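Working notes, structure below.
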Amino acid sequence: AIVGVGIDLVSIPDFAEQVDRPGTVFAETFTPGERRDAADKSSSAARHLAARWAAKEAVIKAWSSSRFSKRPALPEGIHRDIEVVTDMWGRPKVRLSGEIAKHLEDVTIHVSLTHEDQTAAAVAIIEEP
Amino acid sequence: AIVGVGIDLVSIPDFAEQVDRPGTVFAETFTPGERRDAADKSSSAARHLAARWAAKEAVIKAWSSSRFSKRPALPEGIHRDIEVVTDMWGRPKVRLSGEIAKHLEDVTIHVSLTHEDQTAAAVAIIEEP
Amino acid sequence: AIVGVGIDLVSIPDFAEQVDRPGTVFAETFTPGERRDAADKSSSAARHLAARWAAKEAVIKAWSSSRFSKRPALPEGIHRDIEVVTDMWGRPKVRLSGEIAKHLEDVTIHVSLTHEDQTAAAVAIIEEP
Ligand code: NI
Ligand code: NI
Ligand code: NI
């Protein structure tokens, strides 16, 4: 059965404006170099980092709505415990660590991401047999 | 198995333009006060009501494409029979009444919504064991 | 279980700019007449063809991420082998031919599409019992 579903839409300009601020949730996710690059909204880096961000958000939303979430407020370091990386063809891959990793060992996480010029989006489906 | 899938994209400005017109499908959904608020496209109310609207649409699309739909034209008062509300953390919740409620008693409806500044979106998955 | 998931976002203006170029992937999909129409970004044709395009892309992404894909690079004529058509109510329908048709005989493909004025989107879920 499906465990949780998440969708996220990212304004690429709003992302560029927020991405390169110290100690943001982005800083736990992306390197300082990546965030500097992505601060230019016209850049390839902004488009692809914003889609990576949408994917992570979508995954967190699916988690939030699921039975693995107890309190309504996200736990500590959910943002370090969930990573979404892309292969050299831009296909996303979910990587778990910490408590999330242990808790979600027996569930599958499906994720897809996309972007146009102004907007990025992703969908996540958490699923179990 | 999955019963039906739906996605919906809402222009927040186009929504603001349409939301506050008498006897629209919106009027069956949202209060006059909510619709007045949402008629300003720059408002928090427009952004969040448009995402609520996208969610409801996504759910109706999933229903339309499913075996629970006979005629291609939507039934009477589908719009009163399906409600999507948000908690104080903005997490959506589906509420059914009328015929839809009776018909869909044994199926789960997963829904997720999101918005940026100009656009809102939602996904719905209807699913059964 | 879910076999593969895909989401796609299409800039309707960028689509109009690309859709009517000879020997593009679009040319394998849509007729010359359809592509001429869709080259005007303000047109109904651009909006609906771009949503049809998003759907096909979403389906291909779901396929790419699935076990039915061996090499990371898409196979020959994936674009002729997968078709997404719309009924007169604008509900999408997947049509398979060639190798894809044979390979995916026992899996279901769920698809949904949508558009606003500037943007189109679709989601695809490939699923098996
Ligand atoms: Ni890109
Ligand atoms: Ni909001
Ligand atoms: Ni249309």
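Labeling convention for the structure tokens: chains A, B, ... as they appear, residues from 1 per chain, ligands from 1 in order of appearance.
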Go through chain A and collect every residue that DSSP, computed from the backbone, puts in alpha helix (DSSP H); the answer should be as JSON, numbers by chain.
-> {"A": [12, 13, 14, 15, 16, 17, 18, 19, 32, 33, 34, 35, 36, 37, 38, 44, 45, 46, 47, 48, 49, 50, 51, 52, 53, 54, 55, 56, 57, 58, 59, 60, 61, 62, 63, 64, 78, 79, 80, 81, 98, 99, 100, 101, 102, 103]}
Go ahead and write the selection's residues with C-alpha atoms as an mmCIF file, in the first residue's frame.
data_model
loop_
_atom_site.group_PDB
_atom_site.id
_atom_site.type_symbol
_atom_site.label_atom_id
_atom_site.label_comp_id
_atom_site.auth_asym_id
_atom_site.auth_seq_id
_atom_site.Cartn_x
_atom_site.Cartn_y
_atom_site.Cartn_z
ATOM 1 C CA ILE A 12 13.188 29.348 -9.051
ATOM 2 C CA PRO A 13 13.641 33.146 -8.428
ATOM 3 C CA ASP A 14 12.365 32.889 -4.845
ATOM 4 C CA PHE A 15 14.703 29.916 -4.347
ATOM 5 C CA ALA A 16 17.728 31.892 -5.655
ATOM 6 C CA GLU A 17 16.844 34.679 -3.184
ATOM 7 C CA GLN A 18 16.733 32.314 -0.177
ATOM 8 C CA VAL A 19 19.241 29.541 -1.046
ATOM 9 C CA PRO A 32 28.371 26.780 0.066
ATOM 10 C CA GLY A 33 29.679 26.594 -3.525
ATOM 11 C CA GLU A 34 26.416 25.089 -4.825
ATOM 12 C CA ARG A 35 24.403 27.757 -2.990
ATOM 13 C CA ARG A 36 26.545 30.604 -4.354
ATOM 14 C CA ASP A 37 25.985 29.260 -7.885
ATOM 15 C CA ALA A 38 22.226 28.831 -7.327
ATOM 16 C CA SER A 44 21.603 26.151 -14.743
ATOM 17 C CA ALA A 45 22.609 25.712 -11.096
ATOM 18 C CA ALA A 46 19.502 27.543 -9.831
ATOM 19 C CA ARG A 47 17.180 25.476 -12.021
ATOM 20 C CA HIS A 48 18.680 22.098 -11.027
ATOM 21 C CA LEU A 49 19.226 22.884 -7.367
ATOM 22 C CA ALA A 50 15.631 24.131 -7.066
ATOM 23 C CA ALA A 51 14.362 20.835 -8.557
ATOM 24 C CA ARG A 52 16.577 18.945 -6.101
ATOM 25 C CA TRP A 53 15.046 21.047 -3.342
ATOM 26 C CA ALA A 54 11.485 20.341 -4.572
ATOM 27 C CA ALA A 55 12.228 16.603 -4.490
ATOM 28 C CA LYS A 56 13.485 16.684 -0.894
ATOM 29 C CA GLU A 57 10.455 18.763 0.150
ATOM 30 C CA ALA A 58 8.099 16.369 -1.642
ATOM 31 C CA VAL A 59 9.747 13.426 0.204
ATOM 32 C CA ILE A 60 9.462 15.218 3.571
ATOM 33 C CA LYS A 61 5.762 15.996 2.924
ATOM 34 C CA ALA A 62 5.071 12.313 2.141
ATOM 35 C CA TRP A 63 6.856 11.478 5.402
ATOM 36 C CA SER A 64 4.959 14.142 7.406
ATOM 37 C CA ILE A 78 15.207 15.608 8.993
ATOM 38 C CA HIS A 79 17.074 17.784 6.502
ATOM 39 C CA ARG A 80 20.404 15.990 6.982
ATOM 40 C CA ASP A 81 18.768 12.572 7.279
ATOM 41 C CA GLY A 98 20.221 8.691 10.946
ATOM 42 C CA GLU A 99 16.863 7.829 12.504
ATOM 43 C CA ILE A 100 14.930 8.230 9.256
ATOM 44 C CA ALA A 101 17.194 5.577 7.685
ATOM 45 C CA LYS A 102 16.448 3.061 10.466
ATOM 46 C CA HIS A 103 12.716 3.801 10.532
#
Where does chain B meet ligand 3 within 12 Å, residue by residue, with the nearest atom pair and distance in Å to one decimal for each, counting only C-alpha atoms and all ligand atoms, listed by chain and rising number, as CSV?
residue,atom,partner,partner_atom_place_in_ligand_line,distance
B:8,CA,ligand 3,1 (Ni),11.3
B:9,CA,ligand 3,1 (Ni),10.9
B:10,CA,ligand 3,1 (Ni),11.5
Report as a ChimeraX atom specification: the residues of segment 1-35 of chain C with a DSSP assignment of strand (DSSP E or B), based on the backbone of this structure.
-> /C:2-11
Residues as selected, C-alpha atoms, written as a JSON list (two decimals), in the first residue's frame, can you do that?
[["chain", "number", "residue", "atom", "x", "y", "z"],
["C", 2, "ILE", "CA", 4.41, 0.77, -8.26],
["C", 3, "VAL", "CA", 6.80, 0.15, -11.17],
["C", 4, "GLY", "CA", 7.79, 3.74, -11.93],
["C", 5, "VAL", "CA", 6.82, 7.37, -11.31],
["C", 6, "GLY", "CA", 7.21, 10.48, -13.49],
["C", 7, "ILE", "CA", 6.32, 14.16, -13.33],
["C", 8, "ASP", "CA", 6.91, 16.78, -16.04],
["C", 9, "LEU", "CA", 6.54, 20.57, -16.19],
["C", 10, "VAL", "CA", 6.36, 22.36, -19.54],
["C", 11, "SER", "CA", 6.76, 26.07, -20.20]]
Atom CA of residue 28 of chain B and atom CA of residue 86 of chain C are how many Å apart?
->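 About the pair atom CA of residue 28 of chain B and atom CA of residue 86 of chain C: they are 28.6 Å apart.
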Minimum-distance residue to chain A, chosen among C:119, C:97, C:112, C:31 (using only C-alpha atoms) =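 Counting only C-alpha atoms, the residue closest to chain A is C:119.
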